[PDB]
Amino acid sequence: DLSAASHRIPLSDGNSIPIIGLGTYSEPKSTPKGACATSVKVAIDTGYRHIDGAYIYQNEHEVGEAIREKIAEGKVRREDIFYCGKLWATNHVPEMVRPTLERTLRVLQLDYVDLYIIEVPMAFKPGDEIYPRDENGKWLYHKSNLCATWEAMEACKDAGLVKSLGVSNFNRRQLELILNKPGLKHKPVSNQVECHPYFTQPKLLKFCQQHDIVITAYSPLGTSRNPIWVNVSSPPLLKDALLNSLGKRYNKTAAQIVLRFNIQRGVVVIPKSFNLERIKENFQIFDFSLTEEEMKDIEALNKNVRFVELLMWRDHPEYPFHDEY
């Protein structure tokens, strides 16, 4: 059903999303300027039609430059590209939502985004500082009001500034608060969370399927394993013995196996790479498939251990990972 030329799956609001996209987060202080822009252009030339980014990644402008250059080149039309942007924790106050989205539209120099989502369910103190803390280093929070924030997001879609609305890092309870709100106009069509063979998200995936919510798997290759912040106590996903053995069966790498695993499952994947060769490699997942047995072999690798724990915010009232799911 999925092919390199046609691989967009349906969203509940009538729109669709390419099952594979290019992730764009990269350590600001150590990433050479221009690397993102170059990588997005390579991705589009390769066949990618979905790009995932965020204003807080510090390189959202590079994503826009690349997209606009390829449209000017005649390679693709605006309607052929799918961009996802995100609303950070410091911008949850209802009145700040549209203004924040409009800032991202100026940065990209585009009229609308295809998908805009609430980055985390936790509200932080408003301000320029993306990671606000007081003199004693204590995190500065704000009282969350997910429904009020959602109503502001719905207004953005009515204004034509975004085609689809979704969320990220939301657990079952949080999704239900929005799903059951009186006067709901646009239900969430997507929930972006960490997902790969070591954290398969069995119960959250099933809840989302029952409500027609598509899951987008972030850190689909297990993260960059940056010792500065990743939970590296859990082993390197791409070096897994089984995943590598399965790759030898089809002459594919472990990375290609884990990506095929999720897409064949109806789960969107957004692997990040700023390397020419690897950007190409990740897209070659439509010329083979995994047997029903192999899908079960992979599902069994689940350790229920997150690479992205966000332990520094476990004290926030809306921290999403205390619950089972």
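Between two forms, the rigid core is the largest collection of C-alphas that superpose within 1.5 Å. So that there is no doubt, residue numbering starts at 1 and follows the sequence shown.
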| query | finding |
| --- | --- |
| 176-184 against 221-229 - segment lying farther from this form in 4 other deposited structures of this protein (CA RMS, rigid core fit) | 221-229 |
| Mean C-alpha B-factor comparison - 134-142 and 249-257, higher one | 134-142 |
| Between the two ranges 227-235 and 210-218, the one averaging a larger CA B factor in the entry | 227-235 |
| Out of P202, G127, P99, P188, highest CA B-factor residue | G127 |
| Residue selected from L108, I117, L243, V76 by maximal Cα B factor | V76 |
| Third assignment of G47 from its chain's C-alpha B-factors | middle |
| Within-chain third of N304 by Cα B-factor, per the entry | highest |
| CA B-factor ranking of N275, expressed as a third of its chain | middle |
| CA B-factor placement of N171, once the chain's modelled residues are sorted into thirds | lowest |
| Third of the chain's Cα B-factor distribution that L11 belongs to, per the entry | middle |
